[PDB]
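Asker: Input file: protein.cif. Contents: mmCIF, C-alpha atoms.
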data_upload
#
loop_
_atom_site.group_PDB
_atom_site.id
_atom_site.type_symbol
_atom_site.label_atom_id
_atom_site.label_comp_id
_atom_site.auth_asym_id
_atom_site.auth_seq_id
_atom_site.Cartn_x
_atom_site.Cartn_y
_atom_site.Cartn_z
ATOM 1 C CA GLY A 1 98.782 95.281 100.973
ATOM 2 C CA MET A 2 96.757 98.359 101.942
ATOM 3 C CA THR A 3 94.554 95.881 103.859
ATOM 4 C CA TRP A 4 97.195 93.765 105.704
ATOM 5 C CA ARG A 5 98.124 94.602 109.296
ATOM 6 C CA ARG A 6 101.514 93.587 110.675
ATOM 7 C CA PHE A 7 102.459 93.512 114.374
ATOM 8 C CA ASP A 8 106.053 92.953 115.456
ATOM 9 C CA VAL A 9 106.545 91.354 118.876
ATOM 10 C CA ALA A 10 110.166 92.122 119.828
ATOM 11 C CA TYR A 11 111.679 89.152 121.688
ATOM 12 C CA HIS A 12 115.368 88.285 121.831
ATOM 13 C CA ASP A 13 114.966 84.779 123.272
ATOM 14 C CA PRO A 14 115.362 82.483 120.175
ATOM 15 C CA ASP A 15 112.754 80.216 121.759
ATOM 16 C CA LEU A 16 109.447 81.725 120.613
ATOM 17 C CA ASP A 17 107.369 78.615 120.887
ATOM 18 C CA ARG A 18 105.496 79.689 124.009
ATOM 19 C CA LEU A 19 105.013 83.285 122.874
ATOM 20 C CA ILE A 20 103.679 81.954 119.558
ATOM 21 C CA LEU A 21 101.343 79.707 121.511
ATOM 22 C CA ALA A 22 100.028 82.619 123.590
ATOM 23 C CA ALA A 23 99.196 84.489 120.366
ATOM 24 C CA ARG A 24 97.082 81.578 119.087
ATOM 25 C CA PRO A 25 93.676 82.995 120.298
ATOM 26 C CA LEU A 26 94.314 86.175 118.256
ATOM 27 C CA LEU A 27 94.476 84.199 115.010
ATOM 28 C CA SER A 28 91.458 82.065 115.969
ATOM 29 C CA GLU A 29 89.499 85.298 116.623
ATOM 30 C CA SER A 30 90.554 86.739 113.260
ATOM 31 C CA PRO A 31 87.690 86.360 110.712
ATOM 32 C CA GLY A 32 90.007 86.714 107.700
ATOM 33 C CA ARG A 33 93.371 85.167 106.877
ATOM 34 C CA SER A 34 96.010 85.500 109.615
ATOM 35 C CA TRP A 35 99.551 84.180 109.917
ATOM 36 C CA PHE A 36 102.843 84.515 111.739
ATOM 37 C CA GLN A 37 106.523 84.082 111.025
ATOM 38 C CA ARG A 38 109.857 84.573 112.767
ATOM 39 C CA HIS A 39 111.897 87.497 111.430
ATOM 40 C CA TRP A 40 115.067 89.468 112.114
ATOM 41 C CA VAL A 41 114.466 93.048 110.850
ATOM 42 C CA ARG A 42 115.222 95.366 113.793
ATOM 43 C CA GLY A 43 116.309 92.276 115.727
ATOM 44 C CA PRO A 44 114.622 88.897 116.414
ATOM 45 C CA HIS A 45 110.845 89.355 116.538
ATOM 46 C CA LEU A 46 107.590 87.513 115.896
ATOM 47 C CA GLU A 47 105.305 88.858 113.171
ATOM 48 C CA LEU A 48 101.518 88.682 113.236
ATOM 49 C CA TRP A 49 99.789 89.323 109.889
ATOM 50 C CA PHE A 50 96.016 89.956 109.594
ATOM 51 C CA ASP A 51 94.056 90.992 106.525
ATOM 52 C CA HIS A 52 90.917 91.887 108.540
ATOM 53 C CA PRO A 53 90.327 94.596 111.235
ATOM 54 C CA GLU A 54 89.838 91.986 113.977
ATOM 55 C CA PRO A 55 91.292 91.140 116.402
ATOM 56 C CA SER A 56 92.424 94.789 116.748
ATOM 57 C CA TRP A 57 95.462 96.609 118.114
ATOM 58 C CA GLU A 58 94.168 96.789 121.674
ATOM 59 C CA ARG A 59 93.099 93.135 121.725
ATOM 60 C CA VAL A 60 96.546 92.168 120.403
ATOM 61 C CA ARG A 61 98.208 94.500 122.946
ATOM 62 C CA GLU A 62 96.333 92.934 125.862
ATOM 63 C CA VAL A 63 96.797 89.260 124.894
ATOM 64 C CA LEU A 64 100.501 89.695 124.145
ATOM 65 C CA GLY A 65 100.789 92.172 127.033
ATOM 66 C CA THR A 66 99.799 89.549 129.621
ATOM 67 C CA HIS A 67 102.288 86.966 128.302
ATOM 68 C CA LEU A 68 105.220 89.360 127.706
ATOM 69 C CA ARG A 69 104.923 90.625 131.298
ATOM 70 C CA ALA A 70 104.327 87.171 132.813
ATOM 71 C CA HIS A 71 107.030 85.461 130.708
ATOM 72 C CA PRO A 72 109.622 88.101 129.653
ATOM 73 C CA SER A 73 112.745 87.422 127.605
ATOM 74 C CA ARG A 74 116.022 87.830 129.496
ATOM 75 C CA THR A 75 118.227 87.288 126.445
ATOM 76 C CA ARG A 76 120.635 90.071 125.479
ATOM 77 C CA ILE A 77 121.839 90.691 121.925
ATOM 78 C CA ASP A 78 124.864 92.124 120.130
ATOM 79 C CA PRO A 79 123.563 95.053 117.978
ATOM 80 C CA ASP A 80 127.160 95.828 116.985
ATOM 81 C CA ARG A 81 127.890 92.448 115.379
ATOM 82 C CA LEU A 82 124.249 91.824 114.378
ATOM 83 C CA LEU A 83 123.886 94.924 112.167
ATOM 84 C CA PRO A 84 126.444 93.757 109.497
ATOM 85 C CA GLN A 85 124.761 90.328 109.334
ATOM 86 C CA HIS A 86 121.414 92.015 108.647
ATOM 87 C CA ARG A 87 122.827 94.473 106.065
ATOM 88 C CA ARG A 88 123.999 91.388 104.159
ATOM 89 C CA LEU A 89 120.716 89.550 104.815
ATOM 90 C CA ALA A 90 118.885 92.633 103.512
ATOM 91 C CA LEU A 91 120.790 92.387 100.198
ATOM 92 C CA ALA A 92 120.297 88.590 100.169
ATOM 93 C CA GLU A 93 116.548 88.490 100.961
ATOM 94 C CA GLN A 94 116.157 91.774 99.033
ATOM 95 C CA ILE A 95 114.813 93.815 101.932
ATOM 96 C CA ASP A 96 114.451 97.548 101.734
ATOM 97 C CA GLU A 97 113.280 98.586 105.179
ATOM 98 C CA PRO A 98 114.632 100.370 108.312
ATOM 99 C CA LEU A 99 117.219 98.065 109.878
ATOM 100 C CA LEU A 100 117.928 100.643 112.572
ATOM 101 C CA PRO A 101 117.231 101.068 115.353
ATOM 102 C CA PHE A 102 116.768 97.691 117.022
ATOM 103 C CA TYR A 103 113.571 97.141 118.975
ATOM 104 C CA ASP A 104 113.882 96.999 122.742
ATOM 105 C CA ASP A 105 113.163 93.536 124.124
ATOM 106 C CA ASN A 106 109.570 92.685 125.048
ATOM 107 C CA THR A 107 107.873 95.447 123.050
ATOM 108 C CA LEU A 108 104.863 95.304 120.749
ATOM 109 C CA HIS A 109 105.227 97.393 117.609
ATOM 110 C CA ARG A 110 102.795 98.149 114.834
ATOM 111 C CA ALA A 111 104.431 97.936 111.416
ATOM 112 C CA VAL A 112 103.735 98.151 107.700
ATOM 113 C CA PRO A 113 103.471 94.891 105.679
ATOM 114 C CA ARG A 114 106.471 94.426 103.390
ATOM 115 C CA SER A 115 105.945 93.583 99.710
ATOM 116 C CA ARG A 116 107.450 90.364 98.364
ATOM 117 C CA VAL A 117 106.339 90.902 94.753
ATOM 118 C CA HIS A 118 109.804 91.806 93.410
ATOM 119 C CA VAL A 119 111.009 88.517 94.940
ATOM 120 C CA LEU A 120 107.993 86.266 94.350
ATOM 121 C CA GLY A 121 107.150 87.211 90.768
ATOM 122 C CA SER A 122 103.665 88.747 90.805
ATOM 123 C CA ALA A 123 100.881 90.044 93.054
ATOM 124 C CA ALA A 124 99.279 86.668 92.351
ATOM 125 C CA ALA A 125 102.365 84.910 93.769
ATOM 126 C CA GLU A 126 102.136 87.074 96.892
ATOM 127 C CA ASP A 127 98.497 86.098 97.397
ATOM 128 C CA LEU A 128 99.298 82.386 97.097
ATOM 129 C CA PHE A 129 101.941 82.680 99.839
ATOM 130 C CA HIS A 130 99.518 84.582 102.113
ATOM 131 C CA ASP A 131 97.052 81.739 101.590
ATOM 132 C CA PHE A 132 99.666 79.094 102.376
ATOM 133 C CA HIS A 133 101.029 81.006 105.384
ATOM 134 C CA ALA A 134 97.466 81.207 106.709
ATOM 135 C CA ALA A 135 96.794 77.481 106.341
ATOM 136 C CA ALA A 136 100.277 76.559 107.584
ATOM 137 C CA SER A 137 100.060 78.945 110.541
ATOM 138 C CA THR A 138 97.065 76.925 111.747
ATOM 139 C CA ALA A 139 98.955 73.645 111.300
ATOM 140 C CA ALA A 140 101.984 75.205 113.009
ATOM 141 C CA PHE A 141 100.041 75.667 116.268
ATOM 142 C CA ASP A 142 99.356 71.909 116.495
ATOM 143 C CA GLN A 143 102.940 70.973 115.631
ATOM 144 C CA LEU A 144 104.167 73.363 118.335
ATOM 145 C CA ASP A 145 101.868 71.902 121.005
ATOM 146 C CA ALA A 146 103.753 68.634 120.466
ATOM 147 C CA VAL A 147 107.168 70.346 120.455
ATOM 148 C CA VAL A 148 106.635 72.195 123.746
ATOM 149 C CA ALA A 149 105.198 68.935 125.107
ATOM 150 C CA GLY A 150 108.807 67.692 124.659
ATOM 151 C CA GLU A 151 108.669 66.135 121.139
ATOM 152 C CA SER A 152 111.500 66.377 118.626
ATOM 153 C CA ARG A 153 111.388 69.649 116.692
ATOM 154 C CA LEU A 154 113.997 68.418 114.197
ATOM 155 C CA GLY A 155 112.147 65.087 114.061
ATOM 156 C CA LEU A 156 108.868 66.776 113.122
ATOM 157 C CA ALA A 157 110.602 68.840 110.429
ATOM 158 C CA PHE A 158 112.326 65.792 108.892
ATOM 159 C CA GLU A 159 108.877 64.147 108.750
ATOM 160 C CA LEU A 160 107.407 67.049 106.717
ATOM 161 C CA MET A 161 110.409 67.021 104.331
ATOM 162 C CA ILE A 162 110.144 63.285 103.741
ATOM 163 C CA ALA A 163 106.363 63.364 103.336
ATOM 164 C CA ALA A 164 106.562 66.256 100.871
ATOM 165 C CA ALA A 165 109.206 64.565 98.702
ATOM 166 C CA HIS A 166 107.185 61.352 98.671
ATOM 167 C CA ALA A 167 103.886 63.018 97.774
ATOM 168 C CA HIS A 168 105.116 65.634 95.339
ATOM 169 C CA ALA A 169 108.476 64.697 93.842
ATOM 170 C CA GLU A 170 108.290 63.113 90.397
ATOM 171 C CA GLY A 171 109.045 59.492 91.267
ATOM 172 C CA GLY A 172 108.162 59.786 94.966
ATOM 173 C CA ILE A 173 110.820 59.768 97.708
ATOM 174 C CA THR A 174 113.768 58.773 95.504
ATOM 175 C CA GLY A 175 112.936 61.773 93.301
ATOM 176 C CA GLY A 176 113.420 64.233 96.187
ATOM 177 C CA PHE A 177 117.001 62.970 96.573
ATOM 178 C CA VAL A 178 118.650 65.537 94.255
ATOM 179 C CA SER A 179 116.872 68.459 95.913
ATOM 180 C CA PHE A 180 118.036 67.316 99.343
ATOM 181 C CA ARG A 181 121.632 66.755 98.124
ATOM 182 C CA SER A 182 121.385 70.176 96.434
ATOM 183 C CA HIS A 183 120.338 72.244 99.462
ATOM 184 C CA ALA A 184 123.028 70.558 101.547
ATOM 185 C CA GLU A 185 125.912 70.739 99.023
ATOM 186 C CA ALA A 186 125.131 74.452 98.670
ATOM 187 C CA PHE A 187 125.664 74.986 102.413
ATOM 188 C CA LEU A 188 128.822 72.834 102.520
ATOM 189 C CA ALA A 189 130.425 74.656 99.563
ATOM 190 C CA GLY A 190 130.178 77.766 101.787
ATOM 191 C CA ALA A 191 132.031 76.043 104.697
ATOM 192 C CA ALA A 192 134.367 73.152 103.845
ATOM 193 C CA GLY A 193 135.112 71.849 107.355
ATOM 194 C CA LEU A 194 131.419 71.093 108.100
ATOM 195 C CA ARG A 195 131.245 68.428 105.367
ATOM 196 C CA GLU A 196 132.958 65.885 107.645
ATOM 197 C CA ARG A 197 130.747 66.877 110.586
ATOM 198 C CA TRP A 198 127.549 66.511 108.546
ATOM 199 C CA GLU A 199 128.886 63.076 107.547
ATOM 200 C CA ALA A 200 129.655 61.993 111.104
ATOM 201 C CA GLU A 201 126.251 63.178 112.360
ATOM 202 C CA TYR A 202 124.524 61.150 109.652
ATOM 203 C CA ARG A 203 126.679 58.066 110.297
ATOM 204 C CA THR A 204 125.776 57.656 113.989
ATOM 205 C CA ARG A 205 122.086 57.919 113.114
ATOM 206 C CA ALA A 206 122.028 56.216 109.719
ATOM 207 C CA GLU A 207 119.698 53.234 110.352
ATOM 208 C CA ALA A 208 117.599 55.354 112.732
ATOM 209 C CA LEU A 209 117.049 57.951 110.024
ATOM 210 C CA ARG A 210 116.286 55.327 107.372
ATOM 211 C CA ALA A 211 113.690 53.810 109.658
ATOM 212 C CA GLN A 212 111.915 57.183 109.898
ATOM 213 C CA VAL A 213 112.111 57.668 106.125
ATOM 214 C CA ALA A 214 110.457 54.274 105.605
ATOM 215 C CA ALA A 215 107.835 55.004 108.250
ATOM 216 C CA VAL A 216 106.866 58.334 106.663
ATOM 217 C CA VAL A 217 106.886 56.806 103.155
ATOM 218 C CA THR A 218 104.329 54.180 104.263
ATOM 219 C CA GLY A 219 102.206 57.009 105.705
ATOM 220 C CA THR A 220 101.828 58.761 109.068
ATOM 221 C CA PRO A 221 98.945 61.011 110.310
ATOM 222 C CA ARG A 222 101.352 63.991 110.384
ATOM 223 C CA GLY A 223 102.764 63.141 106.933
ATOM 224 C CA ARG A 224 99.354 62.858 105.274
ATOM 225 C CA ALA A 225 98.190 66.064 107.018
ATOM 226 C CA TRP A 226 101.139 68.044 105.667
ATOM 227 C CA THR A 227 101.010 66.686 102.102
ATOM 228 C CA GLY A 228 97.262 67.327 102.182
ATOM 229 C CA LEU A 229 97.857 70.978 103.088
ATOM 230 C CA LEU A 230 100.361 71.233 100.222
ATOM 231 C CA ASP A 231 97.744 69.660 97.913
ATOM 232 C CA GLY A 232 95.699 72.890 98.144
ATOM 233 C CA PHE A 233 98.521 74.939 96.611
ATOM 234 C CA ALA A 234 99.792 72.578 93.893
ATOM 235 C CA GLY A 235 97.069 73.309 91.310
ATOM 236 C CA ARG A 236 97.150 77.080 91.866
ATOM 237 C CA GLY A 237 100.950 77.051 91.897
ATOM 238 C CA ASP A 238 101.022 75.307 88.485
ATOM 239 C CA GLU A 239 99.074 78.136 86.827
ATOM 240 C CA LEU A 240 101.420 80.778 88.248
ATOM 241 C CA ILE A 241 104.622 79.072 87.090
ATOM 242 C CA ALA A 242 102.825 78.268 83.809
ATOM 243 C CA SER A 243 101.753 81.904 83.303
ATOM 244 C CA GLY A 244 105.217 83.169 84.353
ATOM 245 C CA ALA A 245 103.777 84.970 87.413
ATOM 246 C CA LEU A 246 106.089 83.216 89.929
ATOM 247 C CA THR A 247 109.871 82.832 90.362
ATOM 248 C CA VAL A 248 111.877 80.422 88.166
ATOM 249 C CA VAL A 277 114.475 69.795 84.470
ATOM 250 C CA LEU A 278 114.868 73.589 84.816
ATOM 251 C CA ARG A 279 111.903 74.306 82.513
ATOM 252 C CA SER A 280 110.034 71.155 83.608
ATOM 253 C CA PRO A 281 106.545 72.195 84.921
ATOM 254 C CA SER A 282 106.423 69.338 87.450
ATOM 255 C CA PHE A 283 109.942 70.037 88.733
ATOM 256 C CA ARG A 284 108.945 73.668 89.241
ATOM 257 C CA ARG A 285 105.869 72.614 91.259
ATOM 258 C CA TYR A 286 107.988 70.403 93.522
ATOM 259 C CA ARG A 287 110.687 73.040 94.159
ATOM 260 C CA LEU A 288 107.902 75.400 95.235
ATOM 261 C CA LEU A 289 106.201 72.916 97.555
ATOM 262 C CA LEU A 290 109.655 72.210 98.992
ATOM 263 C CA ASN A 291 110.135 75.936 99.633
ATOM 264 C CA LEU A 292 106.743 76.125 101.367
ATOM 265 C CA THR A 293 107.873 73.221 103.558
ATOM 266 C CA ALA A 294 111.108 75.082 104.280
ATOM 267 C CA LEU A 295 109.076 78.143 105.360
ATOM 268 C CA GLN A 296 107.104 75.890 107.702
ATOM 269 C CA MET A 297 110.448 74.848 109.161
ATOM 270 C CA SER A 298 111.337 78.489 109.891
ATOM 271 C CA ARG A 299 107.953 78.957 111.483
ATOM 272 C CA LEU A 300 108.680 75.974 113.754
ATOM 273 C CA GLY A 301 112.054 77.375 114.824
ATOM 274 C CA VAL A 302 114.395 75.279 112.672
ATOM 275 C CA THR A 303 117.378 77.471 111.849
ATOM 276 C CA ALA A 304 119.371 77.495 108.616
ATOM 277 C CA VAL A 305 122.040 75.143 110.042
ATOM 278 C CA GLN A 306 119.494 72.589 111.338
ATOM 279 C CA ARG A 307 117.653 72.811 108.006
ATOM 280 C CA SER A 308 120.947 72.175 106.181
ATOM 281 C CA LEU A 309 121.568 69.185 108.445
ATOM 282 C CA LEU A 310 118.100 67.687 107.852
ATOM 283 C CA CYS A 311 118.550 68.013 104.075
ATOM 284 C CA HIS A 312 121.864 66.175 104.329
ATOM 285 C CA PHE A 313 120.220 63.612 106.611
ATOM 286 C CA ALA A 314 117.398 63.193 104.096
ATOM 287 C CA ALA A 315 119.643 62.877 101.055
ATOM 288 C CA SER A 316 121.859 60.233 102.660
ATOM 289 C CA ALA A 317 119.024 58.219 104.297
ATOM 290 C CA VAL A 318 117.162 58.088 100.978
ATOM 291 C CA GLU A 319 120.365 57.083 99.193
ATOM 292 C CA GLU A 320 121.161 54.192 101.536
ATOM 293 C CA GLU A 321 117.569 53.012 102.048
ATOM 294 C CA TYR A 322 116.662 52.688 98.349
ATOM 295 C CA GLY A 323 120.044 52.470 96.557
ATOM 296 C CA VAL A 324 119.384 55.694 94.635
ATOM 297 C CA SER A 325 122.809 55.294 92.973
ATOM 298 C CA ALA A 326 122.045 51.774 91.681
ATOM 299 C CA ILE A 327 118.895 53.384 90.252
ATOM 300 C CA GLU A 328 120.517 56.465 88.658
ATOM 301 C CA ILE A 329 123.081 54.145 87.024
ATOM 302 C CA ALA A 330 120.255 51.726 86.036
ATOM 303 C CA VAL A 331 118.179 54.344 84.191
ATOM 304 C CA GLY A 332 121.499 55.507 82.692
ATOM 305 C CA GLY A 333 120.616 53.456 79.569
#
Could the structure of this file be written out as structure tokens, please?

Answerer:
Amino acid sequence: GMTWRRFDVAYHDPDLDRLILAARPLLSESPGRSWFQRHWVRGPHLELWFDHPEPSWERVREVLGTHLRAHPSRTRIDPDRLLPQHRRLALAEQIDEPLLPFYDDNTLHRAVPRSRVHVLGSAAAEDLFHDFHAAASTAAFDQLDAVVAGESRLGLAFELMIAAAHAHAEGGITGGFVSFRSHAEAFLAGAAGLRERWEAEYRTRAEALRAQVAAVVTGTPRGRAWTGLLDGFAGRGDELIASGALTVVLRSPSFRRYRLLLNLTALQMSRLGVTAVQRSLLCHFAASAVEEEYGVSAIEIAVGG
């Protein structure tokens, strides 16, 4: 917190995948824990977090300098309409920090790490997330090779969601149902007319989605890699929800674990460039595919008595 460095790479092109990829050597060079995330404070930007002195500002400035100059971002923005969205997002995410001015495109800034303690629960909670972000930043680089190499971004994300529910939900995949239906019903309560669209988008892909669910449930290299990564944080997470040092079958200790590991997965989806809408769509896709593939209703009714 007095050790963490943060660098903000201002970039208004929503596609960051190639920029992120350029920055990979920096994190490999870093002897400590390093990580990155997409963020919006003072406009779209990439954030590079390092808890050790190396690489170093001038290293960072030269690596990202090359790329930024070679591959600039031509995208404009609307500061006038964007500011209100952020001022709301600041209240939502609970973000005290200069929202103004906006960074100019294609600029490297040095910046102070923000604290997430008042949001996460403890200092211990904050450390756990740093650890996860570090591990998941590594795994993000691989997943983004694939994506730039043409692969489905949304398809990779769905895979992580399904794998996580199967490994870590009480009762495997059918036990992640409610959490999927939850995330998605939340979004649709906030915009009625999308319900029907979400339904039509599932319907044309129904058997295709189910086939992916089944495939991930059986086991895939990517699926086992992700759940493995999450493994590392399950034990430590338990303690912190047990001890009360981490954000609140409400009281259920093994429902709390899962909700956390599902949030970590969601953060991975941000990192990979899956927006709130796409994330809402995947959750709907997941809830419906799981329903139809396993007759989750038949089951809920069955265990009714």

Asker: Once the PyMOL selection byres ((chain A and resi 295-305) around 7) has been applied to the shown file, what residues remain in the selection, as a list in words?

Answerer: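 When the PyMOL selection byres ((chain A and resi 295-305) around 7) is applied, the selected residues are residues 37, 38, 136, 140, 144, 157, 291, 292, 293, 294, 306, 307, 308 and 309 of chain A.
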
Asker: Write the residues of the preceding selection, restricted to C-alpha atoms, as a PDB file, in the coordinates of the input.

Answerer:
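New file again_11.pdb:
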ATOM      1  CA  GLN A  37     106.523  84.082 111.025  1.00  0.00           C
ATOM      2  CA  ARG A  38     109.857  84.573 112.767  1.00  0.00           C
ATOM      3  CA  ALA A 136     100.277  76.559 107.584  1.00  0.00           C
ATOM      4  CA  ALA A 140     101.984  75.205 113.009  1.00  0.00           C
ATOM      5  CA  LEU A 144     104.167  73.363 118.335  1.00  0.00           C
ATOM      6  CA  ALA A 157     110.602  68.840 110.429  1.00  0.00           C
ATOM      7  CA  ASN A 291     110.135  75.936  99.633  1.00  0.00           C
ATOM      8  CA  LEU A 292     106.743  76.125 101.367  1.00  0.00           C
ATOM      9  CA  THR A 293     107.873  73.221 103.558  1.00  0.00           C
ATOM     10  CA  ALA A 294     111.108  75.082 104.280  1.00  0.00           C
ATOM     11  CA  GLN A 306     119.494  72.589 111.338  1.00  0.00           C
ATOM     12  CA  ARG A 307     117.653  72.811 108.006  1.00  0.00           C
ATOM     13  CA  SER A 308     120.947  72.175 106.181  1.00  0.00           C
ATOM     14  CA  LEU A 309     121.568  69.185 108.445  1.00  0.00           C
TER      15      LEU A 309
END

Asker: Identify all residues satisfying the PyMOL selection byres ((chain A and resi 229) around 12) in the given file; provide them as a PyMOL selection string.

Answerer: chain A and resi 131-140+160+163-164+167-168+222-228+230-234+289+292-293+296

Asker: Save the residues we just selected, C-alpha atoms, as a JSON list (two decimals), in the coordinates of the input?

Answerer:
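This went into out.json:
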[["chain", "number", "residue", "atom", "x", "y", "z"],
["A", 131, "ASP", "CA", 97.05, 81.74, 101.59],
["A", 132, "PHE", "CA", 99.67, 79.09, 102.38],
["A", 133, "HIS", "CA", 101.03, 81.01, 105.38],
["A", 134, "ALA", "CA", 97.47, 81.21, 106.71],
["A", 135, "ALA", "CA", 96.79, 77.48, 106.34],
["A", 136, "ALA", "CA", 100.28, 76.56, 107.58],
["A", 137, "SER", "CA", 100.06, 78.94, 110.54],
["A", 138, "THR", "CA", 97.06, 76.92, 111.75],
["A", 139, "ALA", "CA", 98.96, 73.64, 111.30],
["A", 140, "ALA", "CA", 101.98, 75.20, 113.01],
["A", 160, "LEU", "CA", 107.41, 67.05, 106.72],
["A", 163, "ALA", "CA", 106.36, 63.36, 103.34],
["A", 164, "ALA", "CA", 106.56, 66.26, 100.87],
["A", 167, "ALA", "CA", 103.89, 63.02, 97.77],
["A", 168, "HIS", "CA", 105.12, 65.63, 95.34],
["A", 222, "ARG", "CA", 101.35, 63.99, 110.38],
["A", 223, "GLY", "CA", 102.76, 63.14, 106.93],
["A", 224, "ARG", "CA", 99.35, 62.86, 105.27],
["A", 225, "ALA", "CA", 98.19, 66.06, 107.02],
["A", 226, "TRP", "CA", 101.14, 68.04, 105.67],
["A", 227, "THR", "CA", 101.01, 66.69, 102.10],
["A", 228, "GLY", "CA", 97.26, 67.33, 102.18],
["A", 230, "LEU", "CA", 100.36, 71.23, 100.22],
["A", 231, "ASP", "CA", 97.74, 69.66, 97.91],
["A", 232, "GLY", "CA", 95.70, 72.89, 98.14],
["A", 233, "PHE", "CA", 98.52, 74.94, 96.61],
["A", 234, "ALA", "CA", 99.79, 72.58, 93.89],
["A", 289, "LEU", "CA", 106.20, 72.92, 97.56],
["A", 292, "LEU", "CA", 106.74, 76.12, 101.37],
["A", 293, "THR", "CA", 107.87, 73.22, 103.56],
["A", 296, "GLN", "CA", 107.10, 75.89, 107.70]]

Asker: In Å, rounded to a single decimal, give me how far CA of residue 312 in chain A is from CA of residue 220 in chain A.

Answerer: 21.9 Å

Asker: Between CA of residue 46 in chain A and CA of residue 10 in chain A, measure the distance and give it in Å to one decimal.

Answerer: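 Computed distance, CA of residue 46 in chain A to CA of residue 10 in chain A, equals 6.6 Å.
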
Asker: Box time for range 46-51 of chain A: axis-aligned, enclosing all its listed atoms, 6 Å extra on each side; report centre and edge lengths in Å to one decimal, as JSON.

Answerer:
{"center_x": 100.8, "center_y": 89.3, "center_z": 111.2, "size_x": 25.5, "size_y": 15.5, "size_z": 21.4}
